[PDB]
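*Asks:* Quick one: the structure is below, and I'll ask about it shortly.
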Amino acid sequence: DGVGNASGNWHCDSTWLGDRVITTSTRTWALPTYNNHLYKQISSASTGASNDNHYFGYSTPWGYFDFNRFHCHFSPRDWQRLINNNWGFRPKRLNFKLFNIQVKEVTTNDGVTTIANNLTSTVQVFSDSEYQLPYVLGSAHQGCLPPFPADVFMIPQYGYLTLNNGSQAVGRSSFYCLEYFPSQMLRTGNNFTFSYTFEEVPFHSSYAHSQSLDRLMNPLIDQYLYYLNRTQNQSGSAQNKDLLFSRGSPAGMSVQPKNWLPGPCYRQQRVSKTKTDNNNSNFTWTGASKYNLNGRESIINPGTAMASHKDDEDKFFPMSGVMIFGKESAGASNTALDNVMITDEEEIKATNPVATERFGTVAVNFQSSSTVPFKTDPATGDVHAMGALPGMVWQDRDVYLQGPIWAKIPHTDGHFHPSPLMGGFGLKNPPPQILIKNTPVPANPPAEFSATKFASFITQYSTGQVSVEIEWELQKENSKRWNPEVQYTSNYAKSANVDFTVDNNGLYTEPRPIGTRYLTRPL
Amino acid sequence: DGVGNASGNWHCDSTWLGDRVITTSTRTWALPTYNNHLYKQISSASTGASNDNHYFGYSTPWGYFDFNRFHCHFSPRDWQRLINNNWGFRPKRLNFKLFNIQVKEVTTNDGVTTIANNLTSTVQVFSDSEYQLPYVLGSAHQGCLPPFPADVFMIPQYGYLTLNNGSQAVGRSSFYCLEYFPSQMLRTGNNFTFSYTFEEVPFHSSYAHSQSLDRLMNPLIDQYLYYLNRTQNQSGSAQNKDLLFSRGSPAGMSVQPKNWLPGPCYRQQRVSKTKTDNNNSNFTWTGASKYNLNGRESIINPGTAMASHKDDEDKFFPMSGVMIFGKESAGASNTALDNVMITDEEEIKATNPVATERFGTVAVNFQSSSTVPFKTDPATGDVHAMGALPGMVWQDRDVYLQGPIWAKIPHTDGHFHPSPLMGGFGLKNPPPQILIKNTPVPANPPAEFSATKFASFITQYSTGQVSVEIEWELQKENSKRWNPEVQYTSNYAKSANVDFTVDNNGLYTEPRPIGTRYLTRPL
Amino acid sequence: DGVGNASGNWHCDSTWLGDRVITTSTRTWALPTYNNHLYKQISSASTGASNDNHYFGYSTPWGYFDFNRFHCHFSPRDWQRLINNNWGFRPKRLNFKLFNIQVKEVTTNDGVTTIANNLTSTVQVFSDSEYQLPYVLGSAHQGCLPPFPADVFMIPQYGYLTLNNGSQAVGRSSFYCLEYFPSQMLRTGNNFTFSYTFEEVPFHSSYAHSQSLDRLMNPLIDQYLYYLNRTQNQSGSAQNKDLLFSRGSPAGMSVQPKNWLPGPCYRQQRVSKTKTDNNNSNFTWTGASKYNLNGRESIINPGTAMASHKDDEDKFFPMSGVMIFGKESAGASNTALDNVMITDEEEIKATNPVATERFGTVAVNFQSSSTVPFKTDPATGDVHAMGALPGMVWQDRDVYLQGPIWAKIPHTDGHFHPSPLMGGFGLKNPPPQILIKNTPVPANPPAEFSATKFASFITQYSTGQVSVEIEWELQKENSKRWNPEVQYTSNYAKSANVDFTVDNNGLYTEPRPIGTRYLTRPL
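Chains as they are written, first to last, in the entry's author numbering: chain A, 219 to 589, 592 to 743; chain X, 219 to 589, 592 to 743; chain W, 219 to 589, 592 to 743.
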């Protein structure tokens, strides 16, 4: 629409209707030139990694837009308003806009850098609406819109992995040229818009359960069902066998017949947040729950949605069963427990097994008396990994303000309960990837013709504004609970700083991860 | 329509529309008299089998029509055209026709055999459209239409098994008279037609995945999720414990948090195609994965859809985890590896565990430090059988040109992912069984009346033509892959014979089993 | 239409309209069972042939209908009527009918043979209207309808050749199941009809030329064009060079400038019908014109349409340049000149080079005088093979009453003047092959089921009537010639037999081959 006319406005807001909330977020992005406009083949051959870390793939000159975290859309106040008042929520629709494009030319001479406007340069943008590209969103990568609307963010580079045999490729390894797509070319007066509708996904549960699964009975009335209570005489003067049956009573609630089972489990190793109680070894790889796929092992991390610990055991967490967010000023490698924030799944103890303990015990032999004068005592074994049994009920992992929103469900023949293990909404057709790059501008060509492809380019980057608007459907509480509920609250106390704010240096920080499960409902 | 008028034509063709393919196949069949028109009770009492091989059932005088293999409908060229170009396929509808019936009377006198036409004899045909009979199709039996349209095939005899207690029956053992059905009686001028519509079944996947499930991340960007990396000090000068956390990075891809899990597994024993590397014992029954049902064991064979082997390990196959087709000139018992064709499931390594290896490891204890001066090292155990966990994704078994198409899903209260384990489409209402028999023609009765049932019959058989037409819906590839795909191809080389042809003796042979997964798509 | 009702009538006639002639021919055919209903792979490996005679192909159980000779449609009287009165002719349309099918069962016991009617057996017939099969018609094979309408003929077996590397096949070698086509099944009351329209092909020339190509000038008038006549002095007293030019005059007609050239040539070896004048060696392969294709040589036979001999040289014929028909009582191998009939192409001397002589001479050097004191005499060389030059005109080979009518033009990128070298009409879509076989009738099957394909069949053959009706368009003479024309005539003389009749034993014989070129027209 011209050089001197803005192609969009700043739309950062949150509107709460009766059963919907619409969150709008605008951010300022910077996109550099990646790979010098080259597609590069990347692998682990030069890295010299272990067999488990081998890979083969490609690095493209494109960047992508990521808004797959909840704090890209919700302020902490909006998140608190959602989680303190709603029993569930899900996304309905989204709008994406890209506007106010500025391409900047950079020249460095004698150490000093000049930046100018390039009014005739373009950025190519396209949305992969048919999911023809590898989906790298949903792997919890950096590069999302920053939580604070004042922050300017760099656009992450696009790259993918394909089938590999060690550090080598195979015949079925794919290569994707992203220039083989129709792109919209944007000069400084152009904008880009894109709408998307979410499929009907189940509401995420912003509630805990007020009852436990093994405590669903009337505590005053007996049962009409009997169970075997004693196989020996109760008197004890003699030690004779018997078959004595008792009625299901509130005195013994552990032996009452029940209708349902706790969800599946895959036991993790128990690590104490107090380092002195941990074994003096590494055991982060040798003692960890991992799966085998094509000969190379992968840590589960976090796997099945299970309770982090029991009651009065907050000092323990599963070794790779929890989502760990880093605070600002946390290093990339071997940072400290003080620099990370470990989440807790304490609210799903009502239906899910504890992550660090067995599902239960199982009979492993036939008990018998002496006759065949070889008496066989009954024997049980611990069940550490339990798959889905009929009658099982469970809760999924919680979502966090700092955590992912959705994940693409793999296009496979079968999948069981396709809810992402990091938490969020599993979508068969997720929001498509928006891919953006600067169109290469060649430098001065030679006077004589050369068929060698161009390698000298004018160095430039681009900047602009991006808006994402998501409509979310809410599921209101309808509780008849009498006593007040647990709510997420700010701490009232004199503190050097306010939580979820900037410091005197201007650095936005999030003190803690906030989940969703504060309200309760009966099981 | 008369003795001298043909009641049908030869319809053997294949028509390719945009998204459909219609395959028509005509064959010549011969139906003998089975059991001398008698229903016989069969069991294992005279056989003297083991407890695992005991059975009780009935043999009927009826034969049945079977077209439950893919090569009854597709030529090898048509199969190649389908699998090289389509991402998926499924059956939509079918037509069955039975025409040109000829009943032949046979008399053997003094060793010489006379065959004449019996113009007034009938064949009874009926379709079991309400599934009131035991469904013996879908057990991979011989007797289908031959792959080569020039071959004349004998119709297999119908028989079923019922509930047995050893070699004995029980009260709930059923008996079915097939004459207790309405049948159409066909003389030499009559024909039989029957139409059937398939239920909406999912497309079979004619693709492999270009990505592995543990390689779905961006290989250039780090994660915002942390994991416990060290529980000991990294320096090594001292051996103190710690809690050091690292960020998910492309350097270590095995320890990155992920969203999904590989499919379920049930480990098989690993057998080498090179016999010298196998243990010197039988162990085909003692060392095999089998299940217990009512006290008798049954080999899984092939069970869960898992990868046959790892990379660079084509010499190994699971002992009973692969579909094995026999070549022509293969014996019924104890034939050779040279006479059988072992299939491979190498394309589903991207999502499925390898059949001969564990699903993974699981924590089995609590690690702790000395204090309770009994230090407990962390301990893991191998997980050999893993049921369905939420977040699991998998591919089903491949279908082959020589393999089955469908299977009836058992009418049970529950079933999990009712896809047949041999491969194909599981149908609640599959194509019904077409049952055919020659109507008995009694020989000369006595002059005086006898109430004893007739046992002397005129010996006869019947011949005719059978047509099956199936419409299949196709799911076209929509790939954006740049490099060329892997295709199924004929080998270009001077060879004594052409593959999938006849030899100088007229014997049609299929050199190899052909799967479907040649094209690829991103995971 | 029933057992006792005939499905067609005998239609053998010839109707002459003004510019059309419609020829109808009915014949009685017998079709046996070929290969025992088997497809067999045939090659030269067991034959042990030379590299030039290697082949690979298939033998099918089908027979085919052939009416690709002119005497299948024209009586000798009709042929004489056509060739004595028409300047040209071509085929317009055809109708094919198959009627009065009788399947006969054969049993041989103790040496005596019983034949019975099989009223319920079928013959499968189909027309290959889309040319999806190898076209084996147009190779001048036996098995056509006999010339005499009273003769009963056996139907020839269908077989084809594919790509071969010696006696072996290659990857691109094709195999065709003919049961993979839709066939019409005919019982004894059914018939088969099929119509076909010929493409617009040029008229075959039933004329000779009254002028020669080098004699197209006015013999009374000079030319206005000059030619170099002498390069030496005419007087002869001295021997000096000169440049003397003469005018084109009727005195020297060989040196007159002309407008056209004779057709292309490919010289053949000259063989005398009088054996004493031939060289005492074999030289039928070593001294013959042959072409090289994929390393193996093939005799041209007959190749370019050229004159058989010159004037007054009827004793000579090109070694493989003439169509040779065998008389009745001619052996298959090494029969006598008395038993064969050699054709003559004497009528096309007006425009075509003689087959056994060079096209002409060509200059091969530069003539010069002594100076460089090395005088160079002019030198010419004989031109034995001459391709098409602009200005060339030629006639095609003649057609004969005993010769082929048409040939399929190969589906290639290029072809030059696609007129078959044996003579006739080259058609891109020729009349399709009609393929017929007896439907196999299995013998008595075993009491127990066997998946081995049937090998025991009821021995039977079929007989019936076939009608072919061709409409031909005529091109009438419009000559202004005064003197009477040369006509084909019967010889008036007392002879023991009449030509083109039966003898006292009932054997129809054709005394001589009759061409078409009797009328004349100016060049």
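For every residue, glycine included, the Cβ atom is placed at its ideal position computed from N, Cα and C.
Would you kindly check if the distance between the Cβ of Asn408 (chain W) and the Cβ of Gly222 (chain X) is under 9 Å?
*Replies:* yes
*Asks:* Does any residue of chain X have a CB that is nearer than 9 Å to the CB of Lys493 (chain A)?
*Replies:* yes
*Asks:* Helix, strand or coil for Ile518 (chain X)? Go by DSSP, reduced to three states.
*Replies:* coil
*Asks:* Are the CB atoms of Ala248 (chain A) and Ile333 (chain A) nearer to each other than 9 Å?
*Replies:* no
*Asks:* If we ignore side chains and look at the alpha-carbon of each, how far apart do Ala267 (chain X) and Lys476 (chain X) end up?
*Replies:* 51 Å
*Asks:* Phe584 (chain A) versus chain X: which residues are under 7 Å apart at the beta carbon?
*Replies:* Result: empty, since nearest Cβ-Cβ is about 13 Å, beyond 7 Å.
*Asks:* Would DSSP call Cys362 (chain A) helix, strand or coil?
*Replies:* strand
*Asks:* Under 9 Å between C-beta atoms, does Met541 (chain X) make it to chain A?
*Replies:* no
*Asks:* Closest Cβ-Cβ distance between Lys657 (chain X) and chain W: below 9 Å?
*Replies:* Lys657 (chain X) has a beta carbon lying at 9 Å or more from every beta carbon in chain W.
*Asks:* Using a Cβ cut-off of 9 Å (strictly closer), state whether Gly220 (chain W) contacts chain X.
*Replies:* yes
*Asks:* What separation, rounded to the nearest whole angstrom, lies between the Cα atoms of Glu730 (chain X) and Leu256 (chain X)?
*Replies:* 37 Å
*Asks:* Just the C-alpha distance for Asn496 (chain X) and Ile301 (chain X), rounded to the nearest angstrom, thanks.
*Replies:* Going by the C-alpha atoms only, they are around 35 Å apart.
*Asks:* According to DSSP, simplified to helix, strand and coil, what is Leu300 (chain A)?
*Replies:* helix
*Asks:* Relative to chain X, which residues along the stretch 505 to 538 of chain W have a C-beta separation below 7 Å, given in chain order?
*Replies:* none
*Asks:* What does the alpha-carbon distance come out to for the pair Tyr728 (chain A) and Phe366 (chain A)?
*Replies:* If I take the Cα positions, the gap works out to 7 Å.
*Asks:* Counting only beta-carbon atoms, is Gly281 (chain W) nearer than 9 Å to chain X?
*Replies:* no
*Asks:* If you count every other CB in all the chains shown that lies within 10 Å of the CB of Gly275 (chain W), and 16 or more means buried, which is it?
*Replies:* buried
*Asks:* Report yes or no: is there a C-beta of chain X within less than 9 Å of the C-beta of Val324 (chain W)?
*Replies:* no
*Asks:* Check the Cβ of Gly361 (chain X) against every Cβ in chain W and list those closer than 7 Å, keeping chain order.
*Replies:* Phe669 and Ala671
*Asks:* Do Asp219 (chain X) and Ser225 (chain X) come within 9 Å of each other at the CB atom, strictly closer than that value?
*Replies:* For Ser225 (chain X) and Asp219 (chain X), yes; Cβs fall inside 9 Å.
*Asks:* I'd like to know whether the C-beta atoms of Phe543 (chain W) and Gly623 (chain W) end up nearer to each other than 9 Å.
*Replies:* yes
*Asks:* Does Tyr445 (chain W) pass the burial test, meaning 16 or more other C-beta atoms within 10 Å, or should it be called exposed?
*Replies:* Of the residues assessed, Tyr445 (chain W) falls on the exposed side of the cut-off, its CB having fewer than 16 other CB atoms within 10 angstroms.
*Asks:* Give the C-beta separation of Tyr708 (chain W) and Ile734 (chain W) to the nearest angstrom, bearing in mind that I take them to be a contact with Cβ-Cβ under 8 Å.
*Replies:* Indeed, because the Cβ distance is near 6 Å, the residues count as touching under 8 Å.
*Asks:* So, is the C-beta of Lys258 (chain W) closer than 9 Å to a C-beta in chain X?
*Replies:* So yes, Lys258 (chain W) belongs to the interface.
*Asks:* Specify the secondary structure class of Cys230 (chain W) as computed by DSSP and reduced to three states.
*Replies:* coil
*Asks:* Based on DSSP bridge pairs, tell me the residues matched to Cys483 (chain X).
*Replies:* Looking at the DSSP output, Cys483 (chain X) sits in a beta bridge with X:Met606.
*Asks:* Suppose contacts are defined by Cβ-Cβ distances below 9 Å. Is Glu697 (chain W) in contact with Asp237 (chain W) by that definition?
*Replies:* no
*Asks:* Can you tell which of X:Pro598, X:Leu381 and X:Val661 has the C-alpha that lies nearest to the C-alpha of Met537 (chain A)?
*Replies:* X:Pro598
*Asks:* Where DSSP assigns a beta bridge to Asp284 (chain X), which residues make up the other side?
*Replies:* X:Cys362
*Asks:* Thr494 (chain A) by DSSP, collapsed to three states: which one?
*Replies:* helix
*Asks:* Please specify which runs of the beta strand (DSSP E), each continuous and at least 3 residues long, are wholly inside the stretch 317 to 378 of chain W, giving them in chain order.
*Replies:* 330 to 335, 341 to 345 and 370 to 372
*Asks:* With DSSP collapsed to three states, give me the class of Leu461 (chain X).
*Replies:* strand
*Asks:* What are the partner residues of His427 (chain X), as DSSP defines its beta bridges?
*Replies:* X:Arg741
*Asks:* Runs of 4 residues minimum, wholly inside the stretch 687 to 716 of chain X: which ones carry the alpha helix (DSSP H) assignment?
*Replies:* none
*Asks:* Do the stretch 429 to 446 of chain W and the stretch 458 to 477 of chain W make contact, defined as three or more Cβ pairs closer than 8 Å?
*Replies:* yes
*Asks:* Measure the Cβ-Cβ separation of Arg741 (chain A) and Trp305 (chain A) and say whether it is below 9 Å.
*Replies:* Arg741 (chain A) places its beta carbon less than 9 Å from that of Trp305 (chain A).
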